[PDB]
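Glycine gets a Cβ as well: all are built from the backbone with ideal geometry, and neighbour counts include every protein chain shown. None of the figures in this text is laboratory data; all of them are computed from the coordinates on show.
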Amino acid sequence: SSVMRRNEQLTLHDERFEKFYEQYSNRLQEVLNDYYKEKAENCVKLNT
Amino acid sequence: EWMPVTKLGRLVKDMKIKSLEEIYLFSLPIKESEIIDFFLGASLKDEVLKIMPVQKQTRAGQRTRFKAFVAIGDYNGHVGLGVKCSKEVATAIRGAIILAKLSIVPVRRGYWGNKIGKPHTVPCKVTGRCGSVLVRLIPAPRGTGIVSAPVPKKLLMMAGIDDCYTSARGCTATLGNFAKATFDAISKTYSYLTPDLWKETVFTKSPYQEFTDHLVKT
Amino acid sequence: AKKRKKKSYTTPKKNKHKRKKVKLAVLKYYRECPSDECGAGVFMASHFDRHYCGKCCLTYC
Amino acid sequence: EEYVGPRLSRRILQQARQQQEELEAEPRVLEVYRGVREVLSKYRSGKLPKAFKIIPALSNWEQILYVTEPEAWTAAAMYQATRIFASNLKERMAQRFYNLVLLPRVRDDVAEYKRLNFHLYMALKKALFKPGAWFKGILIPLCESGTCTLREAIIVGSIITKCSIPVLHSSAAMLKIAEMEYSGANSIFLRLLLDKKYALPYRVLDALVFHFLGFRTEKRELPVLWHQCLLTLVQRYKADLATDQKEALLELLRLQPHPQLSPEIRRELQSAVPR
RNA sequence: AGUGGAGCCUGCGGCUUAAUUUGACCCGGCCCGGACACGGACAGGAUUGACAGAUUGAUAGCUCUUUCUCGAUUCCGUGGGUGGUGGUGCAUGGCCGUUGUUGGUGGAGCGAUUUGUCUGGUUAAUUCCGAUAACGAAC
Ligand SMILES: [Zn+2]
């Protein structure tokens, strides 16, 4: 904190500083099988 | 740091030789500039007359060097004139300053009419000659100033001459000849014999013979 | 130096696509996602056949 | 010739030994993440595998990320990863990603190519889509490092000038800049934050005045960037300077003058209305 | 022994070509392209992200159905005596480590210039032996 200060005429906001300096499964298997399906689907070699 | 080589320099480095005039009395060569730095010092002003760049013919072609004409002079006393050609302008200027300092001659100053006060003008009309350039100095009254061309104007003001009428003949446009001619005239100021200098000379012992015992130790 | 003329050559770039604006879409909410983090708050969007998530993209039938 | 040589004599001795001897005789997710690791090493465009897009939803995301080898990624892949991590909240996680992956790449290639790539420029803009993780993650760490150069300063500050910043976040960044020890690149960021011309919290103004007044007794010669930062401060915020601070700034100008910029600052300070 | 003659290959000119990149090129197509000021819209959402299916030469959530979430991190026009992740020229400074050519001094000439840097022998050589108004040096 410094010495000389705002003197007069109002404060609109107080400002929040104590958050800056004071700072310092099934779904994955489904995504896996979707990935394997798409990786097999770039060339299928079977469909007629 | 100055370490003298000549005997005259070794005497000047000590307090054996008191004035420059003693060295002028026995007509001895001054072969170190540090003697002139010792005796005159801060009195010595130096004025660059001219720098001309020149082209030396080399086996590689032509390459540039510089030629500096420098007049050095203690006012109310002494001057010298030096010319040096060298590779850069700064080294040419300091070389010409040294080579002008090694040529310092005294000038005799006299009176125009009545002998009241200090001498101000040349004692008698003198003449200096260099390669078709002829420069004549004529005594002038007090307050008349140096009436001359700018290059001898500088050299005569540096000599401590206050006032002089001048006359120049020949190719005065070549500057080294013109400067050397006016330097010759102001040397012939003391080479001239007047009735003031008619008493028989007494011969005082030379510094080489006066201080032989001091030069034994070196 | 020598200055250039700065040719004009107007080419209209005003026709650029913007996605459609749906106004006051909070009418139609009142399926809930039973997820690990986005439960009880997020509404679970409907196709013609199947409802898809808008935060975690889970797969159903 | 008097000596045989190495190789021929080696063959001769082996031959003689042989002749003497013969006369004497008579889990599974690891493979997926490794595969998409080779994919991201050569990515140019197009859609990413869905295994890459569910990384911020994972619990052990860091181990997956070291498997994906972010230091070997390409610029388009890093831009899309920045977009993915900015899309899925968790400001601490985004801050740690910017600390670990993004800013090391930017510091590495600005020092190498002397200019920033297009994709990484849009990557810092997309990282600025979440500003709190940016300020605590890249800007304040870059300023706290002390090794930030001028070109990094100009690039990142230009990214700051392009975007509209929240006033509270901008003010906190300005205060953390102001209390920090001086570096030559620091005044560039401070100036580009003052160019935003937001309403300024007064404690930040006091810190700025104290910082510039802490430059009062310094014998170090200052660059023109410091003078221009001070000129911006005076030009935009002369209305809320106290007379004590005003005279202190004039004293600072008297002690640390510039032939060109200092009279202009004196003109702006002498023509200022308060409140 | 060849090459230069012959078939093939390669380079450089030349010729064709949309391009035949150069002492990266061609044909199409999507995307967006600054701050600041002014005028609009935004909390009666600004905008991001988005699974499926249809598209055009492309698995374009950078478009349509699905508009679901994301809570300002704003985007739409009007703007230039405006420009900055620009280009270029000038000026000056930071990081390791040390304390055959021509000068200097002397001799010659007003000077440009000269002598040094040379009769003879010798060497690749102002090298060397040595003669000498020159003597001593650095690269
Ligand atoms: Zn979804």
Taking 8 Å as the Cα distance limit and 6 or more residues as the minimum spacing, I'd like the relative contact order of chain B as a percentage. 16 percent
Which of B:82, B:113, B:128 ends up with the largest GNM mean-square fluctuation for chain B, with Cα atoms connected below 10 Å? B:113
Once the convex hull of the C-alpha atoms of segment D:71-186 is built, how many Å³ does it hold per residue, rounded to a whole number? 96 Å³
If each residue's Cβ is checked for other Cβ atoms within 10 Å, how do C:28, A:19, C:6 rank with the fewest at the top? C:6, C:28, A:19
Once amide H atoms are built 1.01 Å from N in the peptide plane, which residues 5 or more positions from residue B:110, or in another chain, come under 5 Å H to H? B:120, B:121, B:122
Residue B:66: net charge of surrounding residues, Cβ under 9 Å, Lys/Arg +1, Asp/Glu -1, itself excluded? +3
Place +1 on the Cβ of every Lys and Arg and -1 on the Cβ of every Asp and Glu in segment B:1-106, take the dipole about the Cα centre, and give the residue among B:57, B:35, B:11 whose Cα lies farthest towards its positive end. B:57
Rounded to the nearest 500, what is chain B's calculated 222 nm mean residue ellipticity when only DSSP H runs of at least 4 contribute -39500 (n - 2.57) each, over all residues? -8500 deg cm²/dmol
Using the Karplus curve 6.51 cos²θ - 1.76 cosθ + 1.60 with θ = phi - 60°, work out ³J(HN,Hα) for each residue of segment B:128-144 in order, rounded to whole Hz, and write x for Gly and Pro. x, 10, 8, x, 6, 8, 10, 10, 10, 10, 10, x, 10, x, 5, x, 6
Could you run the Karplus curve 6.51 cos²θ - 1.76 cosθ + 1.60 with θ = phi - 60° over segment B:194-207 and give me ³J(HN,Hα) per residue in whole Hz, x for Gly and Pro? 10, x, 5, 9, 10, 5, 5, 6, 7, 9, 7, 5, 6, x
Of the peptides B:75-81, D:86-92, D:233-239, how do they stack up when ordered by the mean number of other Cβ atoms within 10 Å, highest first? B:75-81, D:233-239, D:86-92
From the C-alpha gyration tensor of chain D, pull out the three semi-axes of the equivalent ellipsoid (sqrt of 5λ each), sorted largest to smallest, in whole Å. 60, 30, 14
Could you run the Karplus curve 6.51 cos²θ - 1.76 cosθ + 1.60 with θ = phi - 60° over segment D:236-243 and give me ³J(HN,Hα) per residue in whole Hz, x for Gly and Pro? 8, 10, 6, 6, 10, 10, 5, 5
Quickly estimate the mean residue ellipticity at 222 nm for chain D, helices only: each DSSP H run with n ≥ 4 gives -39500 (n - 2.57), and the total goes over all residues, rounded to 500. -19000 deg cm²/dmol
Output field shielding_mean for D:246-259 (other chain Cβ, 10 Å radius) holds 0
Put one equal scatterer on each alpha carbon of segment B:107-200, apply the Debye formula with no solvent term, and list log10 I(q)/I(0) at q = 0.11, 0.14, 0.15, 0.23 1/Å to two decimals. -0.29, -0.46, -0.53, -1.11
Which whole-angstrom value gives the distance between the alpha carbon centres of chain A and segment B:120-165? 95 Å
Using amide H atoms built in the peptide plane, which far-off residues or other-chain residues are under 5 Å from residue B:146 H to H? B:164
For chain C, compute Rh as the Kirkwood radius over C-alpha pairs and then the Stokes-Einstein diffusion coefficient at 10 °C and 1.306 mPa s; write the answer in µm²/s, rounded to an integer. 95 µm²/s
Please compute the average number of Cβ atoms from other chains found within 10 Å of each residue's Cβ in peptide A:4-16. 6
Mind checking which of B:153, B:87, B:101 has the largest fluctuation in a GNM of chain B, springs on alpha carbons under 10 Å? B:87
Ratio for chain B, C-alpha Rg to 2.2 N^0.38 Å, reads 1.13
Per residue Cα convex hull volume for segment B:33-89, in cubic angstrom? 86 Å³
With a 10 Å cut-off between alpha carbons and a GNM built on chain B, which of B:171, B:130, B:85 moves the most? B:171
Compactness relative to 2.2 N^0.38 Å, alpha carbon Rg of the protein assembly as shown: 1.86
